[PDB]
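Only the coordinates and a few stated rules stand behind these numbers; no lab work does. Counting neighbours? That spans all protein chains shown, and the Cβs are built from the backbone with ideal geometry, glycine included.
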Amino acid sequence: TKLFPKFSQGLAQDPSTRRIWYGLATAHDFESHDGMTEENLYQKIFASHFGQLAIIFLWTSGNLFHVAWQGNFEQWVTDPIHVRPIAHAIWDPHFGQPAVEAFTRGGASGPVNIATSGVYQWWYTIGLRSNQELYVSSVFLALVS
Amino acid sequence: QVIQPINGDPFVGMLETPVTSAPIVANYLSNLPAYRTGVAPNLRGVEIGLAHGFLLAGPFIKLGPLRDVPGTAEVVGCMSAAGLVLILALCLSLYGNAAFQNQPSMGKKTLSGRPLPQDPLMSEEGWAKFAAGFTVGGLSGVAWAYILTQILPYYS
Amino acid sequence: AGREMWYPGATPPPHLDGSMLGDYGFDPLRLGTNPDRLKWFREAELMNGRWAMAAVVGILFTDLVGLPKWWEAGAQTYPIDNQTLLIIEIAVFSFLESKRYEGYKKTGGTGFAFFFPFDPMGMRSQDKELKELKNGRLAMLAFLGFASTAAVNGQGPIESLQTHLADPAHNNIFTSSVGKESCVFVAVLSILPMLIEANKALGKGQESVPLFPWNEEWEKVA
Amino acid sequence: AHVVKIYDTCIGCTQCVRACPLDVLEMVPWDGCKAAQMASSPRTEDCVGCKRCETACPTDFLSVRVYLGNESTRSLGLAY
Amino acid sequence: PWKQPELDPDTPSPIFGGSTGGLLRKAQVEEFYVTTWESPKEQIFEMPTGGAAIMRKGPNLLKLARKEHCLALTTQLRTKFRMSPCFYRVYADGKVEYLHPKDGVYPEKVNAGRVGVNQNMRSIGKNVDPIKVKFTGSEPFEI
Amino acid sequence: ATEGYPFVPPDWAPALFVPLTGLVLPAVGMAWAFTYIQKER
Amino acid sequence: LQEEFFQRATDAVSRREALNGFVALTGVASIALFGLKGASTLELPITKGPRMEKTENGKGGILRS
Amino acid sequence: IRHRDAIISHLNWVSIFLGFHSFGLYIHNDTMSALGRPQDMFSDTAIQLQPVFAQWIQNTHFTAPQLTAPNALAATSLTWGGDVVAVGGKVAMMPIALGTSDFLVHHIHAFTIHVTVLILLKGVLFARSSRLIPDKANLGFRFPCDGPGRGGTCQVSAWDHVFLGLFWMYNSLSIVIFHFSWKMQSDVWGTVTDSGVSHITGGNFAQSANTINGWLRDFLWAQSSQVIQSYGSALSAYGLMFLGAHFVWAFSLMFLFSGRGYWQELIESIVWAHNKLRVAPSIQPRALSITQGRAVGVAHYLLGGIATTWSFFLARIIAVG
Amino acid sequence: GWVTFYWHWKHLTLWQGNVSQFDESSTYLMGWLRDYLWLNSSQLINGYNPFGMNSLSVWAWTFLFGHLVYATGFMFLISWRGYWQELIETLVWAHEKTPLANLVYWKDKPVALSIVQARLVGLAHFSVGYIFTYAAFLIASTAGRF
Ligand code: CLA
Ligand code: CLA
Ligand code: CLA
Ligand SMILES: CC1=C(C/C=C(\C)CCC[C@H](C)CCC[C@H](C)CCCC(C)C)C(=O)c2ccccc2C1=O
Ligand code: SF4
Ligand code: SF4
Ligand code: SF4
């Protein structure tokens, strides 16, 4: 008898490798969990929705932080039609010398990745101009997360 | 009839073959540190780790990313081998915590009876001592393989 | 965990009953939850604190006598080459720390060389251990402050004290380049006892143990 | 292990117990059928869920039903 | 049957060579199964996990890893030589369990001595919906 | 700095943080999960 | 005599707690040394930079960046 | 039958070993090409795996008429020869040079054949009985399953082992004929000139068959440009055959991924529809059997793949060669 | 995939200026294939030639990566559990009856993936491979020229 499927006592009695896969797969199937009522199920879903909200806000805060750190948002503001957006810098130790040289796009120094997520146009449209404001947005979104 | 099962019983799987019934193979396997029941787990761990950490330095030095750099290929290969040795030591400790949280109830039942009460390797603290011997042997063998590339009459 | 606590109104950790001295209930992450682990961490704390005490009093002595800066002292000229100096340092420490570890195995005391405990004067008392622990932790924090003021200010402790006495309103940490970092950090540290109090208030009967990879307190959770 | 249930639609053809190579099913006397027999499953924990009894069942719908779930070392057909 | 028989370790075993299909470590840490039959002459039968073996004239003993192997051998023997065998279950601690002929007359017969178990007097498809048994821990077919 | 107070990370931070979450954090994840799965009651 | 040196080698790290702590400390120390000091001394081709390479992109015109 | 587990286990081990040290080399070369490090490749310019045994056999067979077969006028073939025969200005047969890429592809072939023979021999050996199902002999040769018991015994019959073996032989022979076509078009077939000999493709097999992306771009994309541009010409039927083969290959995956219960229920709905206005057939419509569905899927898959390769090969070799 | 093929090809022909090429080439499927999956894939597969490497080397690697994951999805989708159980049983016998490795023993018994699990993992591998290869091709064909 194991204890990894704490939600499913029958799954913990499984002595095979199927227990791991089924416990991972039936992780948020609260309606089939052992000894669980309706009210606790609803409260668990409420907490899970809060968790997904926190994850979403953390992810967009990270997008703001990485754009403000390693992007070319000021250069994109000065010239949107010419300068390409930059998502995040590339630090891969398995990269070769030509590989570093082939990813310094957008007028950057190190290896960077060109952003095609559309956040540069969106943030230029809503009045965000400097990376200071993107940094403040990132820390505020981390705070609300 | 050379081909026969061990101890004259057919209900088992593994059967006695001239690959296994050769006296050279049997005495080589019995004298290996992993099958030396009368020795402490840390000593056989030291021998096993020494052998494996000595062999692991080879491919990292010879085929490493900096193999064309003279004087730094051996250092990088040996420290990567030591890191791999540490990874295997972590694996050994995790296996000792995992497989020995319970207690065995039966012996090994060696040939012609005369079984030892319990193998100290198959315990929790025994396997922890085995992992300690393994990592000590691993870094010592890696360090020996480094200095064997420092003094040399041939190649490396 | 002692009536005096790390913040006033705190609850002791379940393993921190206060049997060992120097207890103040300060175990947020609960690093040591095993008595063998707890006593090894106490011995390691005493070792690092004693070295911090020796290093700090050497720092004040060297700054008082006028010797040059400590972080630049490694590049200064010295008799005996650093190679054989390092070699004899490991040569003597492979015996000193060996005797220390063997004495800790057989007795548990912090003796020196063949003398366990190395107390020829004989002021062995629990209050002496408590005073040593407090002064040691203060020297730990003092060495961290010395390293910080060597890094960002580039001046010794005596020069830092003179700059604090000359203009304390502006020649502080909070007006430096690591200023607002320290402001946010100390604001988080001020908020920190209230979040712990809120966890205790809402969690009236729950364990609420901090489950972390460094401890097996999560085994009782599930 | 799995759950094996026999409903009253069974007519006692005693062929569901022949198709099961695990001795899960058994035939008990009954009075609700012409053959005066009914399938029963005393050794239900030995079942693997191979549904050979459902294949052998002639009634529509099936008198003997096997429900999967809660696998064990005997329900998974493991010799190791 | 009339009296429950206990297996005898003194019965011989059929002549067979080494087969890789057979007992494993599960026979040590967990239970294993032993099949016993009485033969009038030396015949050749196929093992459920190996090749072909010659049974002995008289009692026989076969150790198999699973109950399915034992019942496959039992069905093969009953179809071929009308042997009517029986198999046991030997646990890791030495406990011996009697499995196949609990009444001694096989599951095909009734013997008027066994009770009904896991039988529903309702028709299949008359079970309640899962909404009616939600958050109860009981399946509709378990009622 | 001119309002670098929403703290700008150093230009050498990737060299420490990329292997930290590529090599150490996966190692802690495997070790913690493997201790979780092989836990008997 | 040979066994004693390795016995005292293991006795300080015999516990699985001690060896887990040792491998964790060495792993984080080595990873923190790598990149910060491990790179730029082996001349790893991630911390060097370009000479003057790959500023323009787009072979079908437009010539961004 | 007695030691079948040992045979299957050793065959599985050597299959996995061959797969790793035949395909991870390709993936590694793909990575170091994508990492901008061609000097770390498993290629001739970088560190190499020279097929010394094949080259030694070639040299022995070239020198075989000199000593071991003195009555032969020349070598038994021009694979290992030294002369380039040419008829009508086109190279009939010229010596074949074996390098690192040839070593990689030959060991990939060995891996693929070892896996296919593993599947077929496991199907043959475990057809009678197995540790999972001891009574597999009484279930016949071609049966779909023994039910979802023991975790699910689908495709446990020897027929389904052969059903997978058809796909694995398809993969093996497809890689074999791809190797043949690329090697001939890059190192044998071509037009002879007064200044040297020019092949169909400019020797791209030596420098492009070390990576999967190189294989793709320089064989399936560098060629097949005449199949797509065959419209309005004599080879347009080859393009039609190509796209119809794409259709039949893609249509097979319906019969392969799906099962029978969903299709039986859909057929039940269609039977209701035909019942509403009384066009119900007297023969009850039923879905294809599980073995029947597997057979249809593998047959349509093989037909689509074979006709795809047939159309591509023939259009490329007629529009160019 | 159909809606994104339509969007990408129509917009690519709009941006390049030859809307007539899409108008006269989207009628027949061979024109669709030749002028979308072949013409626009020229810059994608030239990410890392043996001659050299460019910025689209990551997109070609992602393209082949999605192909490989889709192929592993086929591996999980075509073959079904029941043959893998016997193969795993043979591997179990191999591990249990070998020197220097029977000392290390599993705590969780190796068991082949369940049929529902098989469908899930085949669908998962299929979908991530599909998404990655199409994203790589789309961004490489739209970034190679503009
Ligand atoms: C969750 C969104 C997210 C994602 C996917 C990334 C992705 C990346 N970051 Mg970034 N990062 C983020 C948020 C994110 N970041 C935030 C919010 C911060 C500010 C605290 C940073 C600060 C940061 C630094 C300083 C560096 C990176 C770096 C990197 C790269 C290497 C991966 C790495 O080391 O992780 C980043 C590792 C960290 C420890 C920093 C993140 C701290 C997290 C967000 C807080 C913990 C939250 C939660 C408990 C755990 C998150 C998991 C959740 C998503 C399930 C990669 C492009 C490195 C790089 O090379 O830059 C390209 C680098 O040096 N990141
Ligand atoms: C995303 C995280 C990540 C990171 C940061 C790295 C980082 C690295 N990998 Mg990669 N790798 C990764 C994921 C990652 N890997 C994955 C997921 C795979 C599988 C697909 C690989 C597969 C892979 C291969 C196949 C190889 C690498 C190699 C390398 C190294 C590049 C060459 C180099 O610097 O020489 C290494 C230089 C070093 C300084 C590192 C050695 C330091 C080690 C970690 C330990 C040294 C301390 C040692 C224990 C001594 C202490 C003793 C103690 C008593 C104090 C570098 C350390 C190469 C390598 O290992 O080179 C030898 C190599 O051949 N990697
Ligand atoms: C191209 C598609 C594809 C691929 C790659 C696989 C892969 C596999 N199948 Mg499968 N197969 C497929 C389609 C595919 N299948 C389809 C569609 C069917 C249906 C007919 C089958 C039918 C089938 C049968 C019937 C059998 C297999 C077997 C195998 C295995 C062969 C092991 C080997 O030698 O290769 C080596 C391994 C690989 C190629 C996997 C990729 C490894 C790459 C090179 C990366 C290397 C490791 C990497 C560095 C680690 C990354 C770490 C990271 C997580 C951090 C392997 C797991 C056989 C088996 O079980 O083993 C022999 C077997 O008997 N398959
Ligand atoms: C599609 C499908 C079906 C449904 C397919 C069926 C019932 C077979 C249909 C065969 C048709 C009727 C053959 C004739 C086709 C056309 C009518 C021919 C037209 C010819 C023109 C000249 C008009 C299954 O039954 C099935 C079973 C198991 C696994 C997968 C599947 C599966 O994928
Ligand atoms: S197969 Fe069905 S109908 Fe027939 S005897 Fe068994 S339960 Fe009754
Ligand atoms: S599913 Fe199979 S083992 Fe279970 S009762 Fe039915 S026929 Fe017997
Ligand atoms: S999914 Fe089909 S082949 Fe697999 S066990 Fe079920 S009925 Fe048999």
What is the number of the single condition among (1) surrounded by 13 or more Cβ atoms within 10 Å (Cβ to Cβ); (2) assigned to a loop (DSSP other than H, G, I, E, B); (3) in contact with a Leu (Cβ under 9 Å, 6 or more places away or on another chain) that C:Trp218 does not meet?
(2)
Could you go through segment E:15-36 and let me know if any residue there is farther than 17 Å from B:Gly13 by Cβ and within 11 Å of chain B (Cβ to nearest Cβ).
yes
Have a look at D:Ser40, D:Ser72 and point out the one that is closer than 30 Å to H:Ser129 by Cα and within 14 Å of ligand 5 (Cβ to nearest atom).
D:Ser40
Name the residues in segment H:153-168 that are within 23 Å of D:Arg65 (Cβ to Cβ) and either more than 14 Å from chain D (Cβ to nearest Cβ) or within 16 Å of ligand 4 (Cβ to nearest atom) (or both), would you?
H:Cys154
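Could you name every one of the helices (runs of 4 or more DSSP H) located completely within segment B:4-112 that has at least 2 residues being more than 14 Å from chain E (Cβ to nearest Cβ)?
Working: elements: B:18-21, B:23-30, B:41-62, B:73-99.
Helices (runs of 4 or more DSSP H) meeting the threshold: B:23-30, B:41-62, B:73-99.
Take the residues in segment A:21-35 that are within 14 Å of chain I (Cβ to nearest Cβ) and not in a loop (DSSP other than H, G, I, E, B); name whichever of them is farthest from A:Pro5 (Cα to Cα). Steps first, please.
Going residue by residue through segment A:21-35, those that are within 14 Å of chain I (Cβ to nearest Cβ) are A:21-27, A:29, A:32.
Restricting the remaining residues to those that are not in a loop (DSSP other than H, G, I, E, B) gives A:21-25, A:32.
On the way: A:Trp21: 10, A:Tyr22: 9, A:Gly23: 5, A:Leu24: 8, A:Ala25: 11, A:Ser32: 12 Å.
Among them, the one singled out is A:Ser32.
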Inter-residue pairs, beta-carbon under 6 Å, first facing another protein chain (nearest Cβ under 7 Å) and in segment G:46-62, second β-branched (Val, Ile, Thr), 6+ apart
G:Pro50/A:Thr104; G:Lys54/A:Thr104
Residue selected from segment D:1-51 under the condition small (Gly, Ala, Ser) and within 16 Å of E:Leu71 (Cβ to Cβ), by the criterion surrounded by the fewest Cβ atoms within 10 Å (Cβ to Cβ):
D:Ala19
Lone unmet requirement of (1) in a loop (DSSP other than H, G, I, E, B); (2) of a type outside the set (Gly, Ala, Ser); (3) without any contact (Cβ under 8 Å) to a residue 60 or more places away in the chain; (4) surrounded by fewer than 16 Cβ atoms within 10 Å (Cβ to Cβ) for E:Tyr106:
(4)
Tell me which residues, restricted to segment H:9-31, are touching a residue at least 12 places away in the same chain (Cβ under 8 Å) and either farther than 11 Å from H:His114 by Cα or surrounded by fewer than 18 Cβ atoms within 10 Å (Cβ to Cβ) (or both).
H:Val14, H:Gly19, H:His21, H:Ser22, H:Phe23, H:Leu25, H:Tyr26, H:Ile27, H:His28, H:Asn29, H:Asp30
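Table: residues versus (1) farther than 30 Å from F:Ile37 by Cβ; (2) within 16 Å of ligand 4 (Cβ to nearest atom); (3) buried (at least 18 other Cβ atoms within 10 Å of the Cβ).
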{"position": "B:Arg44", "(1), (2), (3)": "no, no, yes"}
{"position": "B:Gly58", "(1), (2), (3)": "yes, no, no"}
{"position": "B:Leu66", "(1), (2), (3)": "yes, no, no"}
{"position": "B:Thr110", "(1), (2), (3)": "yes, no, no"}
{"position": "B:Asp119", "(1), (2), (3)": "no, no, no"}
{"position": "B:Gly133", "(1), (2), (3)": "no, no, yes"}
Within segment D:42-66, of all residues that are within 10 Å of the chain's Cα centre (by Cα) and of a type in the set (D, E, K, R), the one nearest to ligand 2 (Cβ to nearest atom) is D:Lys51
Quickly run through segment C:86-137 and pick out the residues that are without any contact (Cβ under 8 Å) to a residue 40 or more places away in the chain and among the β-branched types (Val, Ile, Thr).
C:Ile87, C:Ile88, C:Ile90, C:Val92, C:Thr107
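Can you name the helices (runs of 4 or more DSSP H) wholly within segment H:216-321 that have at least 1 residues being within 13 Å of chain I (Cβ to nearest Cβ) and farther than 30 Å from H:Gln155 by Cα? First the steps, then the outcome.
Working: elements: H:225-228, H:236-257, H:261-276, H:290-319.
Answer list for segment H:216-321: H:225-228, H:236-257, H:290-319.
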Do we find that A:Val77 is assigned to a helix (DSSP H, G or I) and in contact with a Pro (Cβ under 7 Å, 6 or more places away or on another chain) in this structure?
no
Restricted to segment D:52-69 and to residues being of a type in the set (D, E, K, R) and not in a loop (DSSP other than H, G, I, E, B), the residue nearest to E:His69 (Cα to Cα) is D:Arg52
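Considering only segment E:1-30, state which residues are surrounded by 19 or more Cβ atoms within 10 Å (Cβ to Cβ) and of a type in the set (D, E, K, R).
Filtering segment E:1-30 down to residues surrounded by 19 or more Cβ atoms within 10 Å (Cβ to Cβ) leaves E:14, E:16, E:18-24, E:26-27.
Listed by number, the list holds a single entry, E:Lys26.
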Just the residues that are surrounded by fewer than 18 Cβ atoms within 10 Å (Cβ to Cβ) and more than 8 Å from every other protein chain (Cβ to nearest Cβ), please, taken from segment I:75-105.
I:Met75, I:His95, I:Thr98, I:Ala101, I:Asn102
If we scan segment F:3-14, do we find a residue that is within 11 Å of chain G (Cβ to nearest Cβ), closer than 25 Å to G:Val23 by Cβ, away from ligand 7 (no atom under 16 Å from the Cβ) and loosely packed, with under 13 Cβ neighbours inside 10 Å?
no
List every residue pair whose Cβ atoms sit under 7 Å apart, with the two residues 6 or more apart in sequence or on different chains, where the first one lies in segment A:78-92 and is within 16 Å of ligand 2 (Cβ to nearest atom) and the second, anywhere, is among the aliphatic types (A, V, I, L, M).
A:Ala89/A:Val112; A:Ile90/A:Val112; A:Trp91/F:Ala15; A:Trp91/F:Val18; A:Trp91/G:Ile46; A:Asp92/G:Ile46
Which is more than 14 Å from chain H (Cβ to nearest Cβ), surrounded by 15 or more Cβ atoms within 10 Å (Cβ to Cβ) and among the hydroxyl-bearing types (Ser, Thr, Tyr), of A:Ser109, A:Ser61?
A:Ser61
Condition first: under 16 Å from H:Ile96 (Cβ atoms) and assigned to a loop (DSSP other than H, G, I, E, B). Now tell me which residues in segment H:154-188 satisfy that.
H:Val188
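Quickly run through segment D:24-40 and pick out the residues that are out of contact with any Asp or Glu (no Cβ under 7 Å at 6 or more places or on another chain) and either within 16 Å of ligand 7 (Cβ to nearest atom) or assigned to a loop (DSSP other than H, G, I, E, B) (or both). Break it down into steps so the answer makes sense when it comes.
Filtering segment D:24-40 for residues out of contact with any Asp or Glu (no Cβ under 7 Å at 6 or more places or on another chain) gives D:25-26, D:28-31, D:33-39.
Within segment D:24-40, D:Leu25, D:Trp30, D:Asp31, D:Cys33, D:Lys34, D:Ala35, D:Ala36 meet the criteria.
Listed residues E:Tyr98, E:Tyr91; which is farther than 30 Å from A:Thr37 by Cβ, aromatic (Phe, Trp, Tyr), loosely packed, with under 15 Cβ neighbours inside 10 Å and more than 14 Å from chain H (Cβ to nearest Cβ)?
One residue alone meets the criteria, E:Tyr91.
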